[PDB]
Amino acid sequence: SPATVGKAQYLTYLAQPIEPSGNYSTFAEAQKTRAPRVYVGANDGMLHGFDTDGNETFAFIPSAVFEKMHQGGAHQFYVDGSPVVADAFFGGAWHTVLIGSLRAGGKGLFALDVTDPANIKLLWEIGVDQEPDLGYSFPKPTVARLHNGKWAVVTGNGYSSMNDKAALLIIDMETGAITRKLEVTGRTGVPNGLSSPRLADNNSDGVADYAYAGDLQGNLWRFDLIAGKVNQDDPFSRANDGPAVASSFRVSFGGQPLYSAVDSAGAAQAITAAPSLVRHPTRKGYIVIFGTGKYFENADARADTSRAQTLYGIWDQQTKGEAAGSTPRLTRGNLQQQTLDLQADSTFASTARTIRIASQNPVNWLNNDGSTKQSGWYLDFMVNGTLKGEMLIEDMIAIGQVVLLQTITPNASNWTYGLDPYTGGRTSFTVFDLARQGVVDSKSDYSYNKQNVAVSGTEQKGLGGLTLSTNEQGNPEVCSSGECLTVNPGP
């Protein structure tokens, strides 16, 4: 669903500088008249391209699925997943690609050239034969330009791979070759798999510099996608970009994860969704936001109410290309706790909704010496300690001064949240237009114990993930399913 192919994905001023040998403006112009298509994932790795008057246009069948031919709605919806579509440059030209996977049907990845709906081509297919550590590819891949001079599919190896290892896979966009496999150690002898990565570009040039990804073990890993040496003044320079830089890619912090997520009792919390990054308020480093949860196995269809899943905000203070041979080892104790303190039914204007209010505890980042005090925050997905097995499996959206996320609670029910990325708590401004006003105003606020407060969470209709768009008027909106909510990124 979120995989629609209409206009060019980027703005020319951003894409063109990435590829001097190409012409994005002419590519963009061409796509202005491209026949829109929406590709949806099915049971296995099956792809059914069709939309706008829902006319079946295309259908793809993986070699693994084509040869084989020789629970619940919320859960099935997740399992079927959705392919990733993006614009990429290779073969000397811009293309619109679609990256899919065999889902739970098998261990495989595939990419299609979807630039011309009337002429979809198969770029490549990856299986265990090509990548021995490839597992069930539930992770959502990212398509990006890397410092090795080329575009690649960057994703986690997935789950239940042959040796239960976790690794970042960097697949050449054009060839499907494994440009680099960045294995992570983590805890051994215990099943692991790397999840959806979030690429970081810290000098706004369209070339990915770092990648962040959690794993089934709850480790939040960072990977350096830049050369060993540096240029110090501008460590993210493209000057030495080339195929050789690929060998320099490495797990960051000497192989130590930025963080290892465990619940209140100390039990590991799997991370499925991609992290989100927000520049730290001091402008030094970034706050890495990630939530825990897992939903790929049948057993996961049922709520695990033995522990709470959690949303974390961890300070990565070494994001300026420093060697970063290591990183602080943190625990919830080094973070500021936030809580979901109230769930209630209320009416905003005329619209009735069930909402949740979060705490608003400040985070004390530095002591007067300048040394680090709290390194972040956390929020257990539970209202006043009641465990319902609420978890995060969908990617989040960080914009302005807010982080938007959607959680799922297997019964499943969906809760959309708008939180302060700097604290993990309630924003000081109202985020959602819950009153269907067309704008974000006080009509959407809630009276929490004599206090007019911003609503941090609201329950929304059947699963649909979260998408950020702009309603005709320049106003940003966040949509899930059935409802889109005008949002306020902050003053």
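When you see a residue number, it is the position in the sequence shown, counting from 1.
According to the record, the deposited sequence contains 4 to 9 residues between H70 and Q71 that were left without coordinates. In this entry, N411 and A412 are separated by 4 to 9 residues of the deposited sequence that lack coordinates. For the pair 290 to 298 and 309 to 317, the record assigns the higher mean C-alpha temperature factor to 290 to 298. Per the PDB record, of the two stretches 458 to 466 and 444 to 452, 458 to 466 carries the greater mean B-factor over its C-alpha atoms.
Within the selection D395, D201, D241, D304, the deposited Cα B-factor values reach their highest point at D304. The PDB entry assigns the greatest CA B-factor among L277, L102, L379, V230 to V230. Annotation for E390: CA B-factor lies in the lowest third of the chain's modelled residues. Per the PDB record, residue ranking by Cα B-factor puts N367 in the highest third of the chain.
For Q217, the recorded CA B-factor ranks within the lowest third of the chain. Only modelled residues enter the ranking.
When the modelled residues of the chain are ordered by C-alpha B-factor, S195 sits in the lowest third. Per the deposited record, the Cα B-factor of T430 falls in the middle third when ranked against the other modelled residues of its chain.
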